[PDB]
$ cat query29.txt   # compact mmCIF, N, CA, C and O atoms
# COMPACT_ATOMS: atom_id res chain seq x y z
N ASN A 1 92.00 -44.26 14.09
CA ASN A 1 91.94 -42.99 13.38
C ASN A 1 90.52 -42.69 12.90
O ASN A 1 90.30 -42.38 11.73
N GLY A 2 89.57 -42.81 13.82
CA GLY A 2 88.20 -42.45 13.56
C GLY A 2 87.46 -42.21 14.86
O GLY A 2 87.99 -41.56 15.76
N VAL A 3 86.24 -42.73 14.98
CA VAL A 3 85.52 -42.72 16.24
C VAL A 3 85.78 -44.04 16.95
O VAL A 3 85.55 -45.11 16.38
N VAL A 4 86.26 -43.97 18.19
CA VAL A 4 86.67 -45.14 18.95
C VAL A 4 85.96 -45.12 20.29
O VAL A 4 86.12 -44.16 21.07
N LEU A 5 85.18 -46.16 20.57
CA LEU A 5 84.49 -46.26 21.85
C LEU A 5 85.47 -46.64 22.96
O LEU A 5 86.32 -47.52 22.79
N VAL A 6 85.35 -45.97 24.10
CA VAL A 6 86.21 -46.20 25.26
C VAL A 6 85.32 -46.64 26.41
O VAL A 6 84.46 -45.88 26.87
N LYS A 7 85.52 -47.88 26.87
CA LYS A 7 84.66 -48.49 27.87
C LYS A 7 85.39 -48.89 29.15
O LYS A 7 84.72 -49.23 30.13
N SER A 8 86.72 -48.88 29.16
CA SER A 8 87.49 -49.38 30.28
C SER A 8 88.53 -48.36 30.70
O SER A 8 88.92 -47.48 29.93
N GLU A 9 88.99 -48.49 31.95
CA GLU A 9 90.07 -47.64 32.43
C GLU A 9 91.31 -47.77 31.55
O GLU A 9 91.94 -46.77 31.19
N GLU A 10 91.66 -49.01 31.18
CA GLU A 10 92.83 -49.22 30.33
C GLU A 10 92.70 -48.47 29.02
O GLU A 10 93.63 -47.77 28.59
N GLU A 11 91.55 -48.60 28.35
CA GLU A 11 91.36 -47.94 27.07
C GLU A 11 91.47 -46.42 27.21
O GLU A 11 92.03 -45.76 26.33
N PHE A 12 90.93 -45.86 28.29
CA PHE A 12 90.99 -44.41 28.47
C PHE A 12 92.42 -43.95 28.75
O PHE A 12 92.87 -42.94 28.20
N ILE A 13 93.14 -44.68 29.60
CA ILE A 13 94.54 -44.34 29.87
C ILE A 13 95.35 -44.37 28.58
O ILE A 13 96.17 -43.48 28.32
N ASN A 14 95.14 -45.40 27.75
CA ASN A 14 95.84 -45.48 26.47
C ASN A 14 95.47 -44.31 25.57
O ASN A 14 96.33 -43.74 24.89
N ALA A 15 94.19 -43.94 25.54
CA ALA A 15 93.76 -42.83 24.70
C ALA A 15 94.36 -41.52 25.17
O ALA A 15 94.78 -40.69 24.35
N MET A 16 94.39 -41.29 26.49
CA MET A 16 94.96 -40.05 27.00
C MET A 16 96.47 -40.02 26.81
O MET A 16 97.04 -38.94 26.60
N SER A 17 97.14 -41.17 26.87
CA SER A 17 98.56 -41.23 26.54
C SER A 17 98.80 -40.79 25.11
O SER A 17 99.77 -40.07 24.83
N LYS A 18 97.95 -41.22 24.18
CA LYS A 18 98.10 -40.81 22.79
C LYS A 18 97.86 -39.32 22.62
O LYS A 18 98.52 -38.66 21.81
N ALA A 19 96.90 -38.77 23.37
CA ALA A 19 96.51 -37.38 23.20
C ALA A 19 97.51 -36.44 23.87
O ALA A 19 97.78 -35.34 23.36
N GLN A 20 98.07 -36.84 25.01
CA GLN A 20 98.98 -35.98 25.74
C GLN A 20 100.43 -36.25 25.35
O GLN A 20 100.98 -35.54 24.50
N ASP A 21 101.06 -37.28 25.93
CA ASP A 21 102.47 -37.54 25.63
C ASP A 21 102.68 -37.85 24.16
O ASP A 21 103.68 -37.42 23.57
N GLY A 22 101.75 -38.59 23.54
CA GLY A 22 101.90 -39.00 22.16
C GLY A 22 101.64 -37.91 21.14
O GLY A 22 102.02 -38.06 19.98
N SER A 23 100.98 -36.83 21.55
CA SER A 23 100.80 -35.64 20.72
C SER A 23 100.02 -35.95 19.45
O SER A 23 100.15 -35.25 18.44
N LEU A 24 99.19 -37.00 19.48
CA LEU A 24 98.36 -37.29 18.32
C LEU A 24 97.08 -36.46 18.37
O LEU A 24 96.57 -36.15 19.45
N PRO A 25 96.55 -36.07 17.21
CA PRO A 25 95.31 -35.27 17.19
C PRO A 25 94.15 -36.08 17.74
O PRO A 25 93.76 -37.10 17.16
N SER A 26 93.58 -35.62 18.86
CA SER A 26 92.64 -36.41 19.63
C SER A 26 91.53 -35.53 20.19
O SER A 26 91.77 -34.42 20.67
N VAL A 27 90.30 -36.05 20.12
CA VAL A 27 89.13 -35.41 20.72
C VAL A 27 88.47 -36.43 21.64
O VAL A 27 88.35 -37.61 21.30
N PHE A 28 88.05 -35.97 22.82
CA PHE A 28 87.32 -36.80 23.76
C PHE A 28 85.88 -36.32 23.81
O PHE A 28 85.62 -35.15 24.13
N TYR A 29 84.95 -37.22 23.49
CA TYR A 29 83.52 -36.91 23.38
C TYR A 29 82.80 -37.62 24.52
O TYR A 29 82.67 -38.85 24.51
N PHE A 30 82.35 -36.85 25.50
CA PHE A 30 81.66 -37.38 26.67
C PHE A 30 80.16 -37.31 26.41
O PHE A 30 79.62 -36.23 26.18
N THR A 31 79.51 -38.47 26.46
CA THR A 31 78.10 -38.58 26.10
C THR A 31 77.40 -39.46 27.13
O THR A 31 78.00 -39.90 28.12
N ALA A 32 76.12 -39.72 26.88
CA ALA A 32 75.32 -40.58 27.73
C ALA A 32 74.06 -40.95 26.98
O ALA A 32 73.62 -40.21 26.08
N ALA A 33 73.48 -42.10 27.33
CA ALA A 33 72.25 -42.53 26.68
C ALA A 33 71.11 -41.55 26.95
O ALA A 33 70.18 -41.45 26.15
N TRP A 34 71.18 -40.83 28.07
CA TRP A 34 70.13 -39.90 28.47
C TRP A 34 70.37 -38.48 27.97
O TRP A 34 69.58 -37.59 28.28
N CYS A 35 71.43 -38.26 27.20
CA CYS A 35 71.76 -36.93 26.69
C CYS A 35 70.93 -36.65 25.44
O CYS A 35 71.11 -37.30 24.41
N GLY A 36 70.03 -35.67 25.54
CA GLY A 36 69.19 -35.31 24.42
C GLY A 36 69.99 -34.80 23.23
O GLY A 36 69.93 -35.36 22.13
N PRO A 37 70.75 -33.72 23.43
CA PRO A 37 71.49 -33.13 22.31
C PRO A 37 72.49 -34.09 21.67
O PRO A 37 72.76 -33.96 20.47
N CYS A 38 73.05 -35.03 22.43
CA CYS A 38 73.97 -35.99 21.83
C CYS A 38 73.30 -36.81 20.73
O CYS A 38 74.01 -37.39 19.90
N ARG A 39 71.97 -36.85 20.70
CA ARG A 39 71.28 -37.62 19.67
C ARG A 39 71.51 -37.03 18.28
O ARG A 39 71.49 -37.77 17.29
N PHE A 40 71.73 -35.72 18.18
CA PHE A 40 72.07 -35.11 16.90
C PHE A 40 73.54 -34.71 16.79
O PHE A 40 73.99 -34.38 15.69
N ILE A 41 74.30 -34.74 17.89
CA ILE A 41 75.73 -34.46 17.81
C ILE A 41 76.50 -35.71 17.42
O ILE A 41 77.45 -35.64 16.63
N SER A 42 76.14 -36.86 17.97
CA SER A 42 76.82 -38.10 17.61
C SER A 42 76.85 -38.31 16.10
O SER A 42 77.93 -38.62 15.56
N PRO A 43 75.74 -38.17 15.36
CA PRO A 43 75.84 -38.24 13.89
C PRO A 43 76.77 -37.20 13.30
O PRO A 43 77.49 -37.50 12.34
N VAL A 44 76.75 -35.97 13.83
CA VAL A 44 77.63 -34.93 13.30
C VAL A 44 79.09 -35.32 13.48
O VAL A 44 79.92 -35.10 12.59
N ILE A 45 79.42 -35.92 14.62
CA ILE A 45 80.80 -36.31 14.87
C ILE A 45 81.22 -37.43 13.93
O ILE A 45 82.38 -37.49 13.51
N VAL A 46 80.29 -38.31 13.56
CA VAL A 46 80.59 -39.36 12.59
C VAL A 46 80.95 -38.75 11.24
O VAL A 46 81.94 -39.13 10.61
N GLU A 47 80.15 -37.79 10.78
CA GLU A 47 80.43 -37.17 9.49
C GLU A 47 81.72 -36.36 9.53
O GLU A 47 82.44 -36.30 8.53
N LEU A 48 82.02 -35.72 10.66
CA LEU A 48 83.26 -34.95 10.76
C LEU A 48 84.49 -35.86 10.75
O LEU A 48 85.53 -35.47 10.23
N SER A 49 84.38 -37.06 11.32
CA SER A 49 85.52 -37.97 11.32
C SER A 49 85.93 -38.34 9.90
O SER A 49 87.09 -38.69 9.66
N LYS A 50 84.99 -38.27 8.95
CA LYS A 50 85.32 -38.51 7.55
C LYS A 50 85.98 -37.28 6.92
O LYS A 50 86.78 -37.42 5.99
N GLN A 51 85.67 -36.09 7.43
CA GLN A 51 86.29 -34.87 6.92
C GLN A 51 87.71 -34.69 7.45
O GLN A 51 88.56 -34.14 6.75
N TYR A 52 87.97 -35.16 8.67
CA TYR A 52 89.28 -35.06 9.31
C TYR A 52 89.72 -36.47 9.66
O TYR A 52 89.66 -36.89 10.83
N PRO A 53 90.18 -37.24 8.67
CA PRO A 53 90.35 -38.69 8.88
C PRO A 53 91.49 -39.07 9.81
O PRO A 53 91.46 -40.17 10.38
N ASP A 54 92.49 -38.21 9.99
CA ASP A 54 93.60 -38.52 10.88
C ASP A 54 93.29 -38.27 12.35
O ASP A 54 94.06 -38.71 13.21
N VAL A 55 92.20 -37.57 12.65
CA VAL A 55 91.83 -37.33 14.04
C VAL A 55 91.19 -38.58 14.62
O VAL A 55 90.51 -39.35 13.91
N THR A 56 91.41 -38.81 15.91
CA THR A 56 90.73 -39.87 16.65
C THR A 56 89.82 -39.21 17.67
O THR A 56 90.28 -38.44 18.52
N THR A 57 88.52 -39.52 17.60
CA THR A 57 87.54 -39.05 18.56
C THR A 57 87.18 -40.21 19.47
O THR A 57 86.56 -41.19 19.02
N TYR A 58 87.55 -40.11 20.74
CA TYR A 58 87.25 -41.13 21.74
C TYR A 58 85.89 -40.82 22.35
O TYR A 58 85.73 -39.82 23.06
N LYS A 59 84.92 -41.69 22.08
CA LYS A 59 83.54 -41.48 22.52
C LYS A 59 83.33 -42.19 23.86
O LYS A 59 83.46 -43.42 23.94
N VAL A 60 83.01 -41.41 24.89
CA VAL A 60 82.99 -41.89 26.27
C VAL A 60 81.57 -41.77 26.80
O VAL A 60 81.00 -40.68 26.82
N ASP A 61 81.01 -42.90 27.25
CA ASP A 61 79.74 -42.91 27.96
C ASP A 61 80.03 -42.75 29.45
O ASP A 61 80.64 -43.63 30.06
N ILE A 62 79.59 -41.62 30.02
CA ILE A 62 80.00 -41.30 31.39
C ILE A 62 79.35 -42.22 32.41
O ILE A 62 79.83 -42.30 33.55
N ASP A 63 78.28 -42.92 32.05
CA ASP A 63 77.66 -43.88 32.95
C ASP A 63 78.43 -45.19 33.06
O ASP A 63 78.10 -46.02 33.91
N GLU A 64 79.46 -45.38 32.24
CA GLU A 64 80.16 -46.65 32.19
C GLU A 64 80.96 -46.87 33.46
O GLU A 64 81.85 -46.08 33.80
N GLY A 65 80.66 -47.96 34.17
CA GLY A 65 81.55 -48.41 35.22
C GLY A 65 82.89 -48.84 34.66
O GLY A 65 83.02 -49.21 33.49
N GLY A 66 83.90 -48.80 35.51
CA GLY A 66 85.26 -49.06 35.08
C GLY A 66 86.02 -47.77 34.86
O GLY A 66 87.14 -47.62 35.35
N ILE A 67 85.42 -46.84 34.13
CA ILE A 67 85.97 -45.50 33.97
C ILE A 67 85.25 -44.58 34.95
O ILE A 67 85.23 -43.36 34.78
N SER A 68 84.64 -45.17 35.98
CA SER A 68 83.78 -44.40 36.87
C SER A 68 84.53 -43.26 37.53
O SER A 68 83.98 -42.17 37.71
N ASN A 69 85.79 -43.48 37.90
CA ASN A 69 86.56 -42.45 38.60
C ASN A 69 87.23 -41.48 37.64
O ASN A 69 87.39 -40.30 37.98
N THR A 70 87.64 -41.94 36.46
CA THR A 70 88.18 -41.03 35.45
C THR A 70 87.23 -39.86 35.21
O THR A 70 87.67 -38.73 35.01
N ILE A 71 85.92 -40.12 35.24
CA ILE A 71 84.94 -39.07 34.99
C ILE A 71 84.96 -38.05 36.13
O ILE A 71 85.17 -36.85 35.92
N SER A 72 84.73 -38.52 37.36
CA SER A 72 84.75 -37.61 38.50
C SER A 72 86.08 -36.89 38.62
O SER A 72 86.12 -35.73 39.05
N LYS A 73 87.17 -37.55 38.25
CA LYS A 73 88.49 -36.93 38.26
C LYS A 73 88.69 -35.97 37.09
O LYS A 73 89.77 -35.37 36.99
N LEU A 74 87.69 -35.80 36.23
CA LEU A 74 87.77 -34.89 35.09
C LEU A 74 86.89 -33.66 35.23
O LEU A 74 86.96 -32.77 34.38
N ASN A 75 86.06 -33.59 36.27
CA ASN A 75 85.18 -32.44 36.49
C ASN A 75 84.25 -32.23 35.29
O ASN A 75 84.18 -31.15 34.71
N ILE A 76 83.54 -33.29 34.92
CA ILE A 76 82.54 -33.21 33.86
C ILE A 76 81.27 -32.63 34.46
O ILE A 76 80.66 -33.22 35.35
N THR A 77 80.87 -31.45 33.97
CA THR A 77 79.72 -30.73 34.50
C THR A 77 78.48 -30.86 33.64
O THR A 77 77.39 -30.48 34.10
N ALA A 78 78.59 -31.39 32.43
CA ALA A 78 77.45 -31.47 31.53
C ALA A 78 77.79 -32.41 30.38
O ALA A 78 78.95 -32.53 29.99
N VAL A 79 76.76 -33.07 29.86
CA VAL A 79 76.89 -33.82 28.62
C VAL A 79 76.02 -33.13 27.58
O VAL A 79 74.88 -32.76 27.88
N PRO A 80 76.51 -32.92 26.34
CA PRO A 80 77.84 -33.34 25.90
C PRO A 80 78.95 -32.45 26.42
O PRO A 80 78.71 -31.30 26.79
N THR A 81 80.16 -33.00 26.48
CA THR A 81 81.38 -32.22 26.67
C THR A 81 82.43 -32.75 25.71
O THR A 81 82.52 -33.96 25.49
N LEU A 82 83.22 -31.84 25.15
CA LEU A 82 84.26 -32.19 24.19
C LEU A 82 85.58 -31.61 24.65
O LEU A 82 85.65 -30.43 25.00
N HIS A 83 86.62 -32.44 24.67
CA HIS A 83 87.98 -32.01 24.95
C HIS A 83 88.82 -32.18 23.69
O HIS A 83 88.80 -33.25 23.07
N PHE A 84 89.57 -31.14 23.34
CA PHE A 84 90.36 -31.11 22.11
C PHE A 84 91.84 -31.09 22.46
O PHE A 84 92.27 -30.29 23.30
N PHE A 85 92.61 -31.95 21.80
CA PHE A 85 94.05 -32.04 22.01
C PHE A 85 94.77 -31.95 20.67
O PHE A 85 94.36 -32.57 19.69
N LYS A 86 95.84 -31.16 20.66
CA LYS A 86 96.73 -31.07 19.50
C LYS A 86 98.12 -30.74 20.01
O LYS A 86 98.28 -29.93 20.92
N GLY A 87 99.12 -31.40 19.43
CA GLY A 87 100.48 -31.18 19.86
C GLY A 87 100.76 -31.61 21.28
O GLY A 87 101.79 -31.22 21.85
N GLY A 88 99.87 -32.40 21.88
CA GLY A 88 100.07 -32.92 23.21
C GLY A 88 99.42 -32.13 24.33
O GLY A 88 99.55 -32.53 25.49
N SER A 89 98.74 -31.03 24.03
CA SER A 89 98.11 -30.21 25.05
C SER A 89 96.68 -29.88 24.65
O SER A 89 96.31 -29.94 23.47
N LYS A 90 95.88 -29.52 25.65
CA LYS A 90 94.47 -29.24 25.46
C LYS A 90 94.28 -27.88 24.78
O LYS A 90 94.81 -26.87 25.25
N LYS A 91 93.53 -27.87 23.69
CA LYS A 91 93.26 -26.66 22.93
C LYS A 91 91.81 -26.21 23.02
O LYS A 91 91.46 -25.19 22.41
N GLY A 92 90.97 -26.93 23.74
CA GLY A 92 89.56 -26.60 23.77
C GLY A 92 88.75 -27.48 24.70
O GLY A 92 89.07 -28.65 24.91
N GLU A 93 87.68 -26.90 25.25
CA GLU A 93 86.79 -27.62 26.16
C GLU A 93 85.39 -27.07 25.92
O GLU A 93 84.99 -26.07 26.51
N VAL A 94 84.65 -27.74 25.04
CA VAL A 94 83.28 -27.33 24.71
C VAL A 94 82.35 -28.06 25.66
O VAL A 94 82.21 -29.29 25.59
N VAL A 95 81.71 -27.31 26.55
CA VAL A 95 80.83 -27.84 27.58
C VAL A 95 79.40 -27.51 27.18
O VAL A 95 79.03 -26.34 27.08
N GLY A 96 78.59 -28.55 26.97
CA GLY A 96 77.24 -28.37 26.49
C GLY A 96 77.16 -28.44 24.98
O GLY A 96 78.16 -28.44 24.26
N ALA A 97 75.92 -28.50 24.49
CA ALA A 97 75.68 -28.67 23.06
C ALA A 97 76.00 -27.37 22.33
O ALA A 97 75.25 -26.40 22.40
N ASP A 98 77.13 -27.36 21.61
CA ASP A 98 77.52 -26.21 20.79
C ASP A 98 78.29 -26.77 19.59
O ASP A 98 79.51 -26.96 19.65
N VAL A 99 77.56 -27.05 18.52
CA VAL A 99 78.17 -27.66 17.34
C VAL A 99 78.98 -26.63 16.56
O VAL A 99 79.95 -26.99 15.88
N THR A 100 78.61 -25.35 16.64
CA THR A 100 79.43 -24.31 16.02
C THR A 100 80.86 -24.37 16.52
O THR A 100 81.81 -24.39 15.73
N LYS A 101 81.04 -24.41 17.85
CA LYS A 101 82.38 -24.48 18.42
C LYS A 101 83.08 -25.78 18.02
O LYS A 101 84.27 -25.77 17.70
N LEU A 102 82.35 -26.89 18.03
CA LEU A 102 82.92 -28.17 17.61
C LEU A 102 83.49 -28.08 16.20
O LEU A 102 84.63 -28.47 15.95
N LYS A 103 82.70 -27.54 15.26
CA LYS A 103 83.15 -27.47 13.88
C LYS A 103 84.28 -26.46 13.70
O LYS A 103 85.23 -26.71 12.95
N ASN A 104 84.19 -25.32 14.38
CA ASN A 104 85.27 -24.33 14.32
C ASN A 104 86.58 -24.93 14.80
O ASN A 104 87.64 -24.70 14.20
N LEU A 105 86.54 -25.70 15.89
CA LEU A 105 87.76 -26.24 16.47
C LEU A 105 88.34 -27.36 15.61
O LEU A 105 89.55 -27.42 15.40
N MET A 106 87.48 -28.24 15.09
CA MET A 106 87.96 -29.31 14.23
C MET A 106 88.73 -28.76 13.04
O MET A 106 89.76 -29.31 12.64
N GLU A 107 88.25 -27.66 12.46
CA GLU A 107 88.90 -27.07 11.29
C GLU A 107 90.16 -26.31 11.69
O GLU A 107 91.20 -26.44 11.04
N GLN A 108 90.08 -25.50 12.75
CA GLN A 108 91.24 -24.71 13.16
C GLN A 108 92.41 -25.61 13.53
O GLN A 108 93.56 -25.29 13.22
N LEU A 109 92.14 -26.73 14.19
CA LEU A 109 93.20 -27.56 14.75
C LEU A 109 93.70 -28.63 13.78
O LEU A 109 94.90 -28.90 13.73
N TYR A 110 92.80 -29.25 13.01
CA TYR A 110 93.13 -30.48 12.30
C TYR A 110 92.99 -30.37 10.78
O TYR A 110 93.07 -31.40 10.09
N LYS A 111 92.80 -29.17 10.24
CA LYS A 111 92.68 -29.02 8.79
C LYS A 111 93.97 -29.42 8.09
O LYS A 111 95.06 -29.38 8.68
$ encode --input "query29.txt" --output "structure tokens"
Amino acid sequence: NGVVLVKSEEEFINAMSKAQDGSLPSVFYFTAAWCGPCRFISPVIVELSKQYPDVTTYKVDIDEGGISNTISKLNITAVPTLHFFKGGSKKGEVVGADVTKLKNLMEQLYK
């Protein structure tokens, strides 16, 4: 129920099970060591996890082997990318650095 690093296929499958079938409030944060804007978004996501403590944000490094195919099977076109889930279905897909949309969605969905 905070920021959770996802490094393996198993961990991602479990996280998506919680977000979809499990209907738990879940955000997927796709990042990379080479992502410039993620350098100031990652801290923002940490502070937001304290504001919305029941949400789980799964932080995904797209360069990670093991989840190598999950990424290509997700059509990730840019880092950062954020996927928002509530009630078991996707409520948002913020592609690129847009913290306004991130904050608007966190409040609208998980307040």
$ atom_distance --input "query29.txt" --atom1 "CA of residue 23 (chain A)" --atom2 "atom O of residue 93 (chain A)"
19.4 Å
$ closest_residue --input "query29.txt" --among "A:4, A:48, A:67, A:105" --to "residue 92 (chain A)" --atoms "only N, CA, C and O atoms"
A:105
$ atom_distance --input "query29.txt" --atom1 "CA of residue 98 (chain A)" --atom2 "CA of residue 79 (chain A)"
10.9 Å
$ select_by_dssp --input "query29.txt" --residues "chain A" --states "strand (DSSP E or B)" --output "ChimeraX atom specification"
/A:3-6,26-31,56-61,81-86,89-95
$ axis_aligned_box --input "query29.txt" --around "region 101-106 of chain A" --padding-each-side "5 Å" --output "lines of an AutoDock Vina configuration file"
center_x = 85.4
center_y = -26.8
center_z = 15.5
size_x = 18.7
size_y = 15.0
size_z = 15.8
$ select_by_dssp --input "query29.txt" --residues "chain A" --states "alpha helix (DSSP H)" --output "ChimeraX atom specification"
/A:9-19,38-51,68-72,99-110
$ residues_near_point --input "query29.txt" --point "(91.3, -42.4, 17.4)" --cutoff "8 Å" --atoms "only N, CA, C and O atoms" --output "PyMOL selection string"
chain A and resi 1-5+15+25-27+53-59
$ atom_distance --input "query29.txt" --atom1 "atom O of residue 90 (chain A)" --atom2 "atom O of residue 33 (chain A)"
28.6 Å
$ closest_residue --input "query29.txt" --among "A:71, A:13, A:28, A:47" --to "residue 85 (chain A)" --atoms "all atoms listed in the file"
A:28
$ closest_residue --input "query29.txt" --among "A:31, A:51, A:42, A:8" --to "residue 80 (chain A)" --atoms "only N, CA, C and O atoms"
A:31
$ residues_around --input "query29.txt" --residues "residue 6 (chain A)" --least-positions-apart "5" --cutoff "7 Å" --atoms "all atoms listed in the file" --output "list in words"
residues 11, 12, 58, 59, 60, 61 and 64 of chain A
$ closest_residue --input "query29.txt" --among "A:14, A:70, A:62, A:24" --to "residue 84 (chain A)" --atoms "all atoms listed in the file"
A:24
$ closest_residue --input "query29.txt" --among "A:10, A:111, A:103, A:97" --to "residue 78 (chain A)" --atoms "all atoms listed in the file"
A:97
$ closest_residue --input "query29.txt" --among "A:46, A:29, A:106, A:63" --to "residue 83 (chain A)" --atoms "only N, CA, C and O atoms"
A:29
